[PDB]
Amino acid sequence: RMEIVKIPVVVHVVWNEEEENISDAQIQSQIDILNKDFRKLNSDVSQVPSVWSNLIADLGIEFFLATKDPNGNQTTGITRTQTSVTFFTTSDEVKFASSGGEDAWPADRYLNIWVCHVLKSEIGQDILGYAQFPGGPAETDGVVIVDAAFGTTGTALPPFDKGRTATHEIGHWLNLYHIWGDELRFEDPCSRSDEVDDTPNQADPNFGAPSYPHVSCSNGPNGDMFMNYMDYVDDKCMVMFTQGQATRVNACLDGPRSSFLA
Ligand SMILES: NCCc1ccc(S(=O)(=O)F)cc1
Ligand SMILES: [Ca+2]
Ligand SMILES: [Ca+2]
Ligand SMILES: [Zn+2]
């Protein structure tokens with residue numbers, strides 16, 4: 001029997017123009033996706049190649065917008081903060097009210113999700129989201145997602161309109177690594193590991209909508225598990241976690257995030 005871990009979520013919408021102040025329905029549509037993907041209840045799990053069917057995991061995690069704020073008072077679980085900032089970066093400006101964002105709620109009790117309109121890497125590349133792995137500091141724990149990649153209605157735009165950027169980032173929040181191993185440009189692309197045996201060794205990230213099989217690093221004939229949530233493919237193409245990843249998620253829930261256990 002699976003112990004279902006029920007994670008209270010607070011969504012911090014940080015908005016400059018009015019359209020960035022995304023609707024309650026768009027926020028709720030994202031929570032709905034999380035409660036499918038993290039329970040193996042997404043119908044598009046049928047797209048997994050049959051050779052890997054016995055690897056698809058139910059992570060046993062569910063999510064809900066918080067009903068009590070950190071001091072025990074009634075809440076919608078959504079904060080809405082106007083800002084003059086036009087873009088945020090991986091340096092975590094969105095996570096402090098003093099830098100034009102919104103403070104985190106206590107990370108031992110809530111999953112903080114920040115939503116903003118423009119998000120860039122430190123060297124200026126537009127990105128869809130970023131996570132903080134377990135291990136503190138609490139002040140910046142959580143995930144950040146751009147609004148055009150958040151939810152399945154409202155401002156969400158194809159090909160990132162099925163809610164999977166948040167599934168992916170929450171994968172990181174639960175201590176999952178990119179399936180391809182995050183080699184640096186000068187390293188052998190087959191050399192690093194995501195520390196999961198049942199994810200095939202893989203050269204690089206996959207983007208877009210790859211054709212099965214996509215072989216790399218001598219992993220033929222089945223190829224890359226590019227439909228894993230921890231690849232970089234379009235939302236409609238990533239549909240599964242593996243049991244090997246669930247092992248790491250369970251270790252995270254049992255250790256550094258044990259405060260979320262009942
Ligand atoms: N389903 C979305 C997966 C995903 C997540 C993040 C990115 S990127 O912004 O880092 F380039 C790309 C694709
Ligand atoms: Ca692996
Ligand atoms: Ca690799
Ligand atoms: Zn990632």
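For the single chain, residues carry numbers from 1 onward in sequence order. For ligands, and for the atoms within them, numbers begin at 1 and follow the listed sequence.
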Worksheet entry | Intermediate values then yes/no, ring pair (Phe, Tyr, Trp, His ring centres under 6.0 Å), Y229 and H168 | CA-CA 5 Å; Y229 293 121; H168 175 107; 8.9 Å; no
What protein heavy atom sits nearest [atom], and how far away is it?
atom	result
atom 8 (S) of ligand 1	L128 N, 4.2 Å
atom 1 (N) of ligand 1	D235 OD1, 2.6 Å
atom 6 (C) of ligand 1	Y232 CE2, 3.7 Å

Polar contact flag, side-chain donor to acceptor under 3.5 angstrom, [X]-[Y]:
X	Y	value
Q245	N228	yes
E93	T89	yes
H214	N206	yes
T90	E122	yes

Worksheet, complete the sentence: Restricting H172 to its N/O/S atoms, the closest one to the Zn ion (ligand 4) is NE2
Worksheet item: Which N, O or S atom name in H178 marks its closest approach to the Zn ion (ligand 4)?
Response: NE2
Flag [X] as yes if one of its N/O/S atoms falls below 3.0 Å of the Ca ion (ligand 3), otherwise no.
X	result
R192	no
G181	no
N201	no
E183	yes

Just which atoms of ligand 1 are under 4.0 Å from any heavy atom in [X]?
X	value
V233	1 (N), 2 (C), 3 (C)
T165	2 (C)
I127	9 (O)
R164	1 (N)

Worksheet item: Does ligand 1 have a heavy atom under 4.0 Å from the side chain of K162, from its backbone, from both, or from neither?
Response: neither
Discussion item. Could you check whether any side-chain heavy atom of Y130 comes within less than 4.5 Å of a side-chain heavy atom of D92, counting everything from C-beta outward?
Written reply: yes
Worksheet entry | Worked verdict on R164 versus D37 for salt bridge (charged side-chain N to carboxylate O under 4.0 Å, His left out) | CA-CA 9 Å; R164 263 63 190 266; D37 291 356; 2.8 Å; yes
For the rings on [X] and [Y], is their centre-to-centre separation under 6.0 Å?
X	Y	value
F260	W173	yes
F241	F38	yes
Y232	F226	no

Worksheet item: Angle subtended at the Ca ion (ligand 3) by O of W180 and O of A203, to 10 degrees?
Response: 100°
